[PDB]
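This report concerns only the one structure given below.
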Amino acid sequence: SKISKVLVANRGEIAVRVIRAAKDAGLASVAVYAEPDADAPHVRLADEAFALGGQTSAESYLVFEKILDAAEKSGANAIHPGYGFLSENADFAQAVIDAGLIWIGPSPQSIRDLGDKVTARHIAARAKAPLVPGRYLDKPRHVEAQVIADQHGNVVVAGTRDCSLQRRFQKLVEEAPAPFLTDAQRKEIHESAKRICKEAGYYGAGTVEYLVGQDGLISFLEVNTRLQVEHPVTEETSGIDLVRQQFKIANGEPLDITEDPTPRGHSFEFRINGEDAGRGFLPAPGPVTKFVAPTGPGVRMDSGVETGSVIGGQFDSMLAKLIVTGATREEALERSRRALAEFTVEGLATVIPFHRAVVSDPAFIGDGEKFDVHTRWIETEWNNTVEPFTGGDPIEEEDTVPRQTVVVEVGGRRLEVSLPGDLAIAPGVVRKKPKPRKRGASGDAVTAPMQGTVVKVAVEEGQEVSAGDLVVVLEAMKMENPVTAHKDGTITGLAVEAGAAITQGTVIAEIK
Amino acid sequence: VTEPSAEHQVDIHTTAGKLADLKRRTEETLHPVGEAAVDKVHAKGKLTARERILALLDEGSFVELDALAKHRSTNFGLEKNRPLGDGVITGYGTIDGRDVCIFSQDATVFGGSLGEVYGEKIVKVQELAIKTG
Amino acid sequence: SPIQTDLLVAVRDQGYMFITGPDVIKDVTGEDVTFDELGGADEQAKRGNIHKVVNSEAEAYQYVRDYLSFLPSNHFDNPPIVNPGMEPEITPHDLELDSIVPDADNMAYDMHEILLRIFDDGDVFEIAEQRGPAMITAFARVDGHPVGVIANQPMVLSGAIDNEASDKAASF
Amino acid sequence: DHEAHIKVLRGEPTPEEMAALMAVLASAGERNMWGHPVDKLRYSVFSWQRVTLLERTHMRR
């Protein structure tokens with residue numbers, strides 16, 4: 001068979017990207033969307049969109065029966081799993097094949113085998129992959145080899161990536177090809193990836209990930225079987241359209257590419273997460289009251305949101321990916337500095353200030369033959385200069401005064417000037433420091449600190465607890481928020497249950 | 001059970017669904033006798049009762065009152081045709097920064113003929129104007 | 001004389017209010033009560049004779065300064081106008097109200113999550129907090145003008161208007 | 001200092017251009033209740049506005 005009409009099931013950016021790839025294929029494309037996503041760009045972009053129900057991902061996107069129902073109703077003949085939910089759910093992939101739909105991805109056998117950590121180690125041994133001896137790595141660098149493989153066992157290493165700028169083992173900035181590697185290291189990584197994939201019997205796109213020790217010791221870390229969110233810097237350097245290549249593979253066609261393409265220049269990717277880097281990189285929901293993309297030479301944007309989007313607390317914080325490319329890593333950094341200077345995102349916190357900072361830092365610029373960044377560098381060595389997000393909130397007394405902004409030309413210079421509404425250059429108006437919109441307690445209620453979902457309830461009705469004991473865990477934006485008893489006493493009312501969506505200030509329980 | 005986006009409505013049993021329902025009803029108040037009657041009015045080059053208020057008042061100053069009101073007459077089958085607003089648009093707005101109360105009768109609804117709730121809405125705006133001065 | 005006055009502040013373990021001492025009560029009746037039980041400031045706030053209990057005289061004076069900061073000097077003069085015209089537009093803090101009411105009608109929530117957002121700022125100055133806690137009586141400002149806010153508190157007694165909530169509301 | 005200042009959001013002037021800017025901007029920048037209308041209004045002998053309008057005007061400062 002062949003893909004004739006795809007259904008995707010992912011939100012935001014990767015849904016948009018796969019819809020775009022499908023239109024480039026000339027394939028019809030079907031989106032599916034949860035109740036919060038009724039406004040998201042992918043719903044408008046797909047040739048049609050089918051509603052999923054429920055507020056949470058666990059209701060909307062994790063339920064196999066809803067996606068299979070939507071495939072049946074839409075008449076799509078292929079399924080694309082995107083990044084998040086089901087791309088390594090071998091049971092879903094099996095149910096898809098059992099439906100007779102084309103699964104755009106690896107075989108469920110290989111998904112389950114490489115997902116099993118022990119089986120993957122055995123496979124690596126059988127493949128004679130570079131295994132870390134033993135050892136723990138103190139400042140490792142996180143490299144990776146994008147692989148393309150057809151069902152006939154041809155395998156191509158489309159290039160390397162460096163993904164070492166991480167927090168909480170989650171990537172923020174990544175670059176391709178992996179710089180400052182010896183040719184020996186590169187050859188090793190390529191060979192290793194090809195061997196591991198053929199030994200696993202892998203087909204479809206996938207990425208083999210490695211750590212490089214300070215002594216250059218390559219170690220195979222894991223295989224991620226699904227176009228990783230970083231594929232763009234490989235597309236831009238190698239020139240491949242990796243999603244179409246997934247289409248060509250899923251059609252059962254052999255690879256066009258006979259030999260590993262030589263990378264042109266260099267590319268960076270920056271993850272535009274809705275996270276406040278001036279706090280502890282905390283994700284926060286909010287409106288996207290302004291979104292203006294970096295534009296022009298060497299700049300690509302893949303973005304899941306637009307001006308007027310609303311990001312609720314139910315899904316991952318990633319708003320966008322900014323990708324910047326140049327003839328050399330130096331030029332690529334220069335262009336990245338421009339692009340990040342042009343980026344403006346308003347109404348919620350973004351890591352854009354961190355990106356701006358890090359692209360200026362000698363530890364990441366390097367000496368021209370090495371750099372100092374490692375997978376814990378952001379948490380342990382980057383001096384976090386970024387101030388907390390406040391938006392427009394008036395915070396000091398002078399902020400409360402209305403302001404009129406005017407453009408003034410002085411000797412031809414276009415000055416732009418803000419004029420206070422009472423400047424002596426309101427007959428009884430007083431200015432004073434306005435109080436924050438915050439509750440500055442003895443009360444019995446345990447209250448939810450933010451909107452989310454109740455992933456765990458720790459207490460039972462009538463239990464006695466002590467100050468600091470866990471009451472619930474709230475999943476907000478796929479981050480754990482343990483909520484704890486503020487005083488000793490007995491749980492004497494209990495409204496929550498696991499899987500419940502919960503709003504801020506909801507009374508979870510009463511401690512008496 | 002999934003549905004096309006043309007048919008699906010957010011679950012009314014949720015705050016989001018109730019809010020969406022309010023949006024639907026509000027939209028439905030913009031064309032309470034159907035869009036064809038508004039087109040028929042513009043074809044004559046005349047503003048609707050809503051546009052006349054929005055033109056006269058200062059931009060965005062209008063706060064509408066009793067938008068969703070419906071008549072309650074059961075005489076002569078009127079219960080079958082209960083257009084939102086009962087054919088008068090009412091509220092308050094600034095003109096040149098100074099507050100005024102306003103009402104504007106809609107000829108598309110029963111020829112603008114005064115009925116029960118129509119009159120009650122005008123009465124309410126009058127009382128508000130007098131108490132507020 | 002105090003009970004006539006519009007605002008009563010008392011200090012814990014220092015302020016007490018009672019018409020007859022524990023000893024006199026014992027002698028007349030033999031009922032036995034402590035000053036904390038009969039007189040105590042928290043008991044009088046729960047009974048609603050007193051509007052605020054604080055931990056120190058300095059806190060009391062501050063509470064008076066805040067209380068007066070919303071009020072005109074007299075029936076005829078006008079109250080202070082403070083920080084008018086802040087945030088003339090729809091903020092994220094307003095948009096957060098679109099999802100602040102729980103989906104399930106039995107779920108309680110803290111009304112302060114609404115009160116802190118619908119007025120000019122967080123300066124919701126609560127009066128008689130403990131008296132009839134199913135009800136909130138507070139000052140706030142709208143465009144810098146003082147307003148009295150009566151709100152139900154679903155977090156307590158499901159917001160049912162009890163005897164003390166009723167009398168608190170009426171007097172406020 | 002909590003005073004609200006002027007703010008040059010964009011660009012830099014030279015000191016001479018700043019002097020021109022500031023000179024230009026600077027160069028651009030009792031009760032008598034006798035016959036007050038409230039006295040001219042005709043009230044019912046029992047009209048509440050005798051409290052809430054008339055006194056609330058004459059007494060108000």
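So you can find residues: chains in the structure tokens are A, B, ... in the order shown, residues in each start at 1, and ligands are numbered from 1 in order.
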Surrounding residues of region 10-19 of chain B excluding itself and chain neighbours under 2 positions, 7 Å, only C-alpha atoms, as a VMD selection string: (chain A and resid 35) or (chain B and resid 8 21 to 23) or (chain C and resid 99 101 103)
I need the chosen residues saved as a compact mmCIF listing (two decimals), in the first residue's frame, with C-alpha atoms.
# COMPACT_ATOMS: atom_id res chain seq x y z
CA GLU A 35 -10.87 20.53 23.73
CA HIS B 8 -18.33 19.28 17.89
CA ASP B 21 -22.20 28.62 25.15
CA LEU B 22 -22.20 32.27 26.22
CA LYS B 23 -20.12 33.07 23.13
CA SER C 99 -10.91 29.00 34.30
CA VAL C 101 -14.45 28.22 38.78
CA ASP C 103 -15.94 22.20 36.67
Backbone-only DSSP, strand (DSSP E or B) members of chain B, as a VMD selection string: chain B and resid 3 to 4 63 to 65 88 to 95 98 to 105
Any chance you can output those residues with N, CA, C and O atoms as a PDB file, in the first residue's frame?
ATOM      1  N   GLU B   3     -15.916  13.378  16.454  1.00  0.00           N
ATOM      2  CA  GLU B   3     -16.827  14.119  15.594  1.00  0.00           C
ATOM      3  C   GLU B   3     -16.025  15.075  14.726  1.00  0.00           C
ATOM      4  O   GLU B   3     -14.934  15.501  15.121  1.00  0.00           O
ATOM      5  N   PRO B   4     -16.534  15.429  13.545  1.00  0.00           N
ATOM      6  CA  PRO B   4     -15.951  16.549  12.797  1.00  0.00           C
ATOM      7  C   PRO B   4     -16.019  17.854  13.578  1.00  0.00           C
ATOM      8  O   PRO B   4     -16.924  18.079  14.383  1.00  0.00           O
ATOM      9  N   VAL B  63     -21.745  49.322  26.982  1.00  0.00           N
ATOM     10  CA  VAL B  63     -22.073  48.144  27.782  1.00  0.00           C
ATOM     11  C   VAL B  63     -23.552  47.843  27.570  1.00  0.00           C
ATOM     12  O   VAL B  63     -24.420  48.606  28.011  1.00  0.00           O
ATOM     13  N   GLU B  64     -23.842  46.729  26.901  1.00  0.00           N
ATOM     14  CA  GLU B  64     -25.215  46.360  26.577  1.00  0.00           C
ATOM     15  C   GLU B  64     -25.921  45.744  27.778  1.00  0.00           C
ATOM     16  O   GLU B  64     -25.313  45.018  28.570  1.00  0.00           O
ATOM     17  N   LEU B  65     -27.212  46.040  27.908  1.00  0.00           N
ATOM     18  CA  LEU B  65     -28.056  45.485  28.959  1.00  0.00           C
ATOM     19  C   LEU B  65     -29.216  44.706  28.352  1.00  0.00           C
ATOM     20  O   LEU B  65     -29.795  45.117  27.342  1.00  0.00           O
ATOM     21  N   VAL B  88     -35.191  45.730  20.754  1.00  0.00           N
ATOM     22  CA  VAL B  88     -34.543  46.974  21.156  1.00  0.00           C
ATOM     23  C   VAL B  88     -33.187  46.635  21.756  1.00  0.00           C
ATOM     24  O   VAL B  88     -33.057  45.669  22.515  1.00  0.00           O
ATOM     25  N   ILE B  89     -32.176  47.434  21.420  1.00  0.00           N
ATOM     26  CA  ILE B  89     -30.835  47.304  21.979  1.00  0.00           C
ATOM     27  C   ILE B  89     -30.628  48.428  22.983  1.00  0.00           C
ATOM     28  O   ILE B  89     -30.884  49.596  22.675  1.00  0.00           O
ATOM     29  N   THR B  90     -30.152  48.085  24.176  1.00  0.00           N
ATOM     30  CA  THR B  90     -30.132  49.019  25.292  1.00  0.00           C
ATOM     31  C   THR B  90     -28.796  48.935  26.011  1.00  0.00           C
ATOM     32  O   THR B  90     -28.196  47.862  26.112  1.00  0.00           O
ATOM     33  N   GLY B  91     -28.333  50.079  26.512  1.00  0.00           N
ATOM     34  CA  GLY B  91     -27.180  50.074  27.388  1.00  0.00           C
ATOM     35  C   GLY B  91     -26.697  51.446  27.807  1.00  0.00           C
ATOM     36  O   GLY B  91     -27.474  52.405  27.840  1.00  0.00           O
ATOM     37  N   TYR B  92     -25.410  51.554  28.127  1.00  0.00           N
ATOM     38  CA  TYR B  92     -24.792  52.836  28.423  1.00  0.00           C
ATOM     39  C   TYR B  92     -23.386  52.911  27.849  1.00  0.00           C
ATOM     40  O   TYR B  92     -22.709  51.896  27.666  1.00  0.00           O
ATOM     41  N   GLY B  93     -22.964  54.139  27.566  1.00  0.00           N
ATOM     42  CA  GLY B  93     -21.789  54.394  26.757  1.00  0.00           C
ATOM     43  C   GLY B  93     -21.303  55.786  27.067  1.00  0.00           C
ATOM     44  O   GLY B  93     -22.090  56.646  27.459  1.00  0.00           O
ATOM     45  N   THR B  94     -20.014  56.028  26.870  1.00  0.00           N
ATOM     46  CA  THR B  94     -19.559  57.409  26.878  1.00  0.00           C
ATOM     47  C   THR B  94     -19.749  58.048  25.507  1.00  0.00           C
ATOM     48  O   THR B  94     -19.633  57.394  24.467  1.00  0.00           O
ATOM     49  N   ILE B  95     -20.040  59.346  25.523  1.00  0.00           N
ATOM     50  CA  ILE B  95     -19.852  60.230  24.380  1.00  0.00           C
ATOM     51  C   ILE B  95     -18.875  61.317  24.795  1.00  0.00           C
ATOM     52  O   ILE B  95     -19.115  62.033  25.776  1.00  0.00           O
ATOM     53  N   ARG B  98     -17.990  61.465  28.422  1.00  0.00           N
ATOM     54  CA  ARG B  98     -19.061  61.638  29.395  1.00  0.00           C
ATOM     55  C   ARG B  98     -20.125  60.565  29.202  1.00  0.00           C
ATOM     56  O   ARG B  98     -20.568  60.314  28.077  1.00  0.00           O
ATOM     57  N   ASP B  99     -20.526  59.936  30.305  1.00  0.00           N
ATOM     58  CA  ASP B  99     -21.479  58.835  30.243  1.00  0.00           C
ATOM     59  C   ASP B  99     -22.870  59.295  29.821  1.00  0.00           C
ATOM     60  O   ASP B  99     -23.330  60.379  30.190  1.00  0.00           O
ATOM     61  N   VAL B 100     -23.530  58.449  29.034  1.00  0.00           N
ATOM     62  CA  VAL B 100     -24.922  58.604  28.637  1.00  0.00           C
ATOM     63  C   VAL B 100     -25.561  57.220  28.616  1.00  0.00           C
ATOM     64  O   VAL B 100     -24.886  56.207  28.397  1.00  0.00           O
ATOM     65  N   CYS B 101     -26.867  57.177  28.859  1.00  0.00           N
ATOM     66  CA  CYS B 101     -27.658  55.966  28.679  1.00  0.00           C
ATOM     67  C   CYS B 101     -28.344  56.024  27.321  1.00  0.00           C
ATOM     68  O   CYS B 101     -28.728  57.104  26.863  1.00  0.00           O
ATOM     69  N   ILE B 102     -28.491  54.870  26.669  1.00  0.00           N
ATOM     70  CA  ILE B 102     -28.941  54.840  25.285  1.00  0.00           C
ATOM     71  C   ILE B 102     -29.834  53.633  25.041  1.00  0.00           C
ATOM     72  O   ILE B 102     -29.644  52.558  25.621  1.00  0.00           O
ATOM     73  N   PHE B 103     -30.818  53.824  24.162  1.00  0.00           N
ATOM     74  CA  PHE B 103     -31.616  52.730  23.621  1.00  0.00           C
ATOM     75  C   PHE B 103     -31.805  52.963  22.129  1.00  0.00           C
ATOM     76  O   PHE B 103     -31.772  54.102  21.665  1.00  0.00           O
ATOM     77  N   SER B 104     -31.980  51.874  21.378  1.00  0.00           N
ATOM     78  CA  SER B 104     -32.062  51.943  19.918  1.00  0.00           C
ATOM     79  C   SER B 104     -32.954  50.822  19.399  1.00  0.00           C
ATOM     80  O   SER B 104     -32.636  49.640  19.561  1.00  0.00           O
ATOM     81  N   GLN B 105     -34.086  51.207  18.817  1.00  0.00           N
ATOM     82  CA  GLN B 105     -35.125  50.272  18.407  1.00  0.00           C
ATOM     83  C   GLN B 105     -34.798  49.660  17.046  1.00  0.00           C
ATOM     84  O   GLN B 105     -34.337  50.354  16.136  1.00  0.00           O
TER      85      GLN B 105
END
Expected answer as number ranges by chain: chain C residues within 10 Å of chain D, only C-alpha atoms: C: 74-78
Shell of 10 Å around residue 97 (chain C), only C-alpha atoms, local chain residues under 3 positions omitted, as a ChimeraX atom specification: /A:504 /C:92-94,100-101,113-114,117-118
Region 2-133 of chain B: residues DSSP assigns to helix (DSSP H, G or I), reported as number ranges by chain: B: 15-30, 35-43, 49-56, 75-80, 110-112, 116-132
Nearest-residue call for residue 88 (chain C), choices C:126, C:57, C:143, C:105, using only C-alpha atoms: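 Selected residue with least distance to residue 88 (chain C): C:143.
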Residue neighbourhood region 222-224 of chain A, 8 Å, only C-alpha atoms, exclusion window fewer than 6 positions, as a PyMOL selection string: chain A and resi 114+120+206-210
Just-selected residues, C-alpha atoms written as a short mmCIF file (atom, residue, chain, number, x, y, z; two decimals), in the first residue's frame:
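Okay, this is what ended up in selection_17.cif:
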data_model
loop_
_atom_site.label_atom_id
_atom_site.label_comp_id
_atom_site.auth_asym_id
_atom_site.auth_seq_id
_atom_site.Cartn_x
_atom_site.Cartn_y
_atom_site.Cartn_z
CA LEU A 114 14.79 -0.92 22.02
CA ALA A 120 18.85 -2.58 24.14
CA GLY A 206 15.37 7.17 14.41
CA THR A 207 18.19 8.67 16.44
CA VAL A 208 21.07 6.99 18.26
CA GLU A 209 22.30 9.04 21.23
CA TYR A 210 25.73 8.96 22.86
#
For the interface of chain A with chain C (cut-off 6 Å, counting only C-alpha atoms), please tabulate each contacting residue of chain A alongside its nearest pair of atoms and their separation in Å to one decimal, rows sorted by chain and increasing number, as CSV.
residue,atom,partner,partner_atom,distance
A:400,CA,C:86,CA,5.7
A:429,CA,C:81,CA,5.1
A:430,CA,C:82,CA,4.6
A:431,CA,C:83,CA,5.2
A:435,CA,C:122,CA,5.3
A:436,CA,C:122,CA,5.7
A:437,CA,C:122,CA,4.5
A:503,CA,C:102,CA,5.8
A:505,CA,C:109,CA,5.2
A:506,CA,C:109,CA,4.3
A:507,CA,C:109,CA,5.2
Output N, CA and C atoms for every residue in that selection, as a CSV table (one decimal), in the first residue's frame.
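The resulting file, result_8.csv, is shown below:
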chain,number,residue,atom,x,y,z
A,400,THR,N,2.8,53.0,38.5
A,400,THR,CA,1.4,53.2,38.5
A,400,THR,C,1.0,54.4,37.7
A,429,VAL,N,-5.1,62.5,43.8
A,429,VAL,CA,-4.6,61.2,43.5
A,429,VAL,C,-3.4,60.9,44.4
A,430,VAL,N,-3.3,59.7,45.0
A,430,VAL,CA,-2.1,59.3,45.7
A,430,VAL,C,-1.5,58.1,44.9
A,431,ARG,N,-0.2,58.2,44.8
A,431,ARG,CA,0.6,57.1,44.4
A,431,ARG,C,1.3,56.3,45.5
A,435,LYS,N,0.0,46.7,45.8
A,435,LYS,CA,0.3,45.4,46.4
A,435,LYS,C,0.2,44.3,45.3
A,436,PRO,N,1.1,43.3,45.3
A,436,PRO,CA,1.0,42.2,44.4
A,436,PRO,C,-0.3,41.4,44.5
A,437,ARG,N,-0.7,40.9,43.3
A,437,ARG,CA,-1.9,40.1,43.2
A,437,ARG,C,-1.7,38.7,43.8
A,503,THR,N,-8.7,23.2,39.1
A,503,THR,CA,-8.4,24.6,38.9
A,503,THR,C,-7.7,25.1,40.1
A,505,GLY,N,-6.9,27.3,43.4
A,505,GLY,CA,-7.7,27.5,44.5
A,505,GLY,C,-8.7,26.5,44.9
A,506,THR,N,-8.9,25.5,44.1
A,506,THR,CA,-9.7,24.3,44.4
A,506,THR,C,-9.3,23.8,45.8
A,507,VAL,N,-10.3,23.6,46.7
A,507,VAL,CA,-10.0,23.0,48.0
A,507,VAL,C,-9.8,21.5,47.7
Within 7 Å of residue 482 (chain A) using only C-alpha atoms, minus same-chain residues under 3 positions, as an MDAnalysis selection string: chainID A and resid 470 472:474
For CA of residue 512 (chain A) and CA of residue 17 (chain C), the interatomic separation in Å (one decimal): 27.8 Å
Near-residue 42 (chain D) list (12 Å; only C-alpha atoms; drop same-chain fewer than 6 positions) as an MDAnalysis selection string: chainID D and resid 49:50 54
Taking N, CA, C and O atoms for each residue, export the selection above as an mmCIF file, in the first residue's frame.
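Generated file (out-v8.cif):
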data_model
loop_
_atom_site.group_PDB
_atom_site.id
_atom_site.type_symbol
_atom_site.label_atom_id
_atom_site.label_comp_id
_atom_site.auth_asym_id
_atom_site.auth_seq_id
_atom_site.Cartn_x
_atom_site.Cartn_y
_atom_site.Cartn_z
ATOM 1 N N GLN D 49 -33.703 63.900 48.673
ATOM 2 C CA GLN D 49 -32.598 64.645 48.095
ATOM 3 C C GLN D 49 -32.222 65.861 48.929
ATOM 4 O O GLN D 49 -31.081 66.305 48.840
ATOM 5 N N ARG D 50 -33.098 66.327 49.821
ATOM 6 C CA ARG D 50 -32.688 67.355 50.774
ATOM 7 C C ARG D 50 -31.509 66.909 51.626
ATOM 8 O O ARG D 50 -30.673 67.734 52.008
ATOM 9 N N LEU D 54 -28.696 68.104 48.597
ATOM 10 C CA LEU D 54 -28.559 69.492 49.025
ATOM 11 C C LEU D 54 -27.528 69.635 50.138
ATOM 12 O O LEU D 54 -26.577 70.415 50.017
#
Near-region 23-29 of chain D list (8 Å; only C-alpha atoms; drop same-chain fewer than 3 positions) as an MDAnalysis selection string: (chainID A and resid 424:425) or (chainID D and resid 19:20)
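Interatomic distance, CA of residue 125 (chain C) to CA of residue 132 (chain B): 27.9 Å.
Interatomic distance, CA of residue 6 (chain A) to CA of residue 77 (chain A): 6.0 Å.
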Can I get the residues of chain D within 8 Å of chain A, each with the closest pair of atoms and their distance in Å to one decimal, using only C-alpha atoms, sorted chain first then ascending number, as JSON lines?
{"residue": "D:2", "atom": "CA", "partner": "A:398", "partner_atom": "CA", "distance": 5.0}
{"residue": "D:3", "atom": "CA", "partner": "A:398", "partner_atom": "CA", "distance": 5.7}
{"residue": "D:4", "atom": "CA", "partner": "A:398", "partner_atom": "CA", "distance": 5.2}
{"residue": "D:5", "atom": "CA", "partner": "A:420", "partner_atom": "CA", "distance": 6.6}
{"residue": "D:6", "atom": "CA", "partner": "A:419", "partner_atom": "CA", "distance": 5.1}
{"residue": "D:7", "atom": "CA", "partner": "A:418", "partner_atom": "CA", "distance": 4.9}
{"residue": "D:8", "atom": "CA", "partner": "A:417", "partner_atom": "CA", "distance": 4.3}
{"residue": "D:9", "atom": "CA", "partner": "A:416", "partner_atom": "CA", "distance": 5.2}
{"residue": "D:10", "atom": "CA", "partner": "A:416", "partner_atom": "CA", "distance": 5.0}
{"residue": "D:11", "atom": "CA", "partner": "A:415", "partner_atom": "CA", "distance": 5.6}
{"residue": "D:12", "atom": "CA", "partner": "A:415", "partner_atom": "CA", "distance": 7.3}
{"residue": "D:13", "atom": "CA", "partner": "A:413", "partner_atom": "CA", "distance": 7.4}
{"residue": "D:17", "atom": "CA", "partner": "A:410", "partner_atom": "CA", "distance": 6.1}
{"residue": "D:20", "atom": "CA", "partner": "A:410", "partner_atom": "CA", "distance": 7.4}
{"residue": "D:21", "atom": "CA", "partner": "A:410", "partner_atom": "CA", "distance": 6.6}
{"residue": "D:25", "atom": "CA", "partner": "A:425", "partner_atom": "CA", "distance": 7.4}
{"residue": "D:26", "atom": "CA", "partner": "A:425", "partner_atom": "CA", "distance": 5.3}
{"residue": "D:29", "atom": "CA", "partner": "A:425", "partner_atom": "CA", "distance": 6.2}
Taking only C-alpha atoms into account, produce a table as CSV in which each residue of chain A with an atom at most 12 Å from an atom of chain B appears once, together with its shortest atom pair and the distance in Å to one decimal, ordered by chain and rising number.
residue,atom,partner,partner_atom,distance
A:30,CA,B:4,CA,10.5
A:31,CA,B:5,CA,10.0
A:32,CA,B:5,CA,9.2
A:33,CA,B:5,CA,9.1
A:34,CA,B:10,CA,9.8
A:35,CA,B:10,CA,6.5
A:36,CA,B:16,CA,8.9
A:37,CA,B:10,CA,11.0
A:38,CA,B:5,CA,8.4
A:39,CA,B:5,CA,11.0
A:43,CA,B:5,CA,8.7
A:44,CA,B:5,CA,10.0
A:46,CA,B:5,CA,11.4
A:47,CA,B:5,CA,11.5
A:48,CA,B:5,CA,7.9
A:49,CA,B:5,CA,5.8
A:50,CA,B:4,CA,4.5
A:51,CA,B:3,CA,5.4
A:52,CA,B:2,CA,5.9
A:53,CA,B:2,CA,7.4
A:54,CA,B:11,CA,8.4
A:55,CA,B:14,CA,9.5
A:60,CA,B:2,CA,10.2
A:61,CA,B:2,CA,11.8
A:63,CA,B:1,CA,11.3
A:64,CA,B:1,CA,11.7
A:65,CA,B:1,CA,8.5
A:66,CA,B:2,CA,6.5
A:67,CA,B:2,CA,8.4
A:68,CA,B:2,CA,9.6
A:69,CA,B:2,CA,6.5
A:70,CA,B:2,CA,6.0
A:71,CA,B:2,CA,9.7
A:72,CA,B:2,CA,9.9
A:73,CA,B:2,CA,8.0
A:74,CA,B:4,CA,8.4
A:312,CA,B:16,CA,11.8
A:501,CA,B:14,CA,10.6
A:502,CA,B:14,CA,11.7
A:503,CA,B:15,CA,10.4
From B:60, B:119, B:32, B:133, residue lying nearest chain C [only C-alpha atoms]: B:60
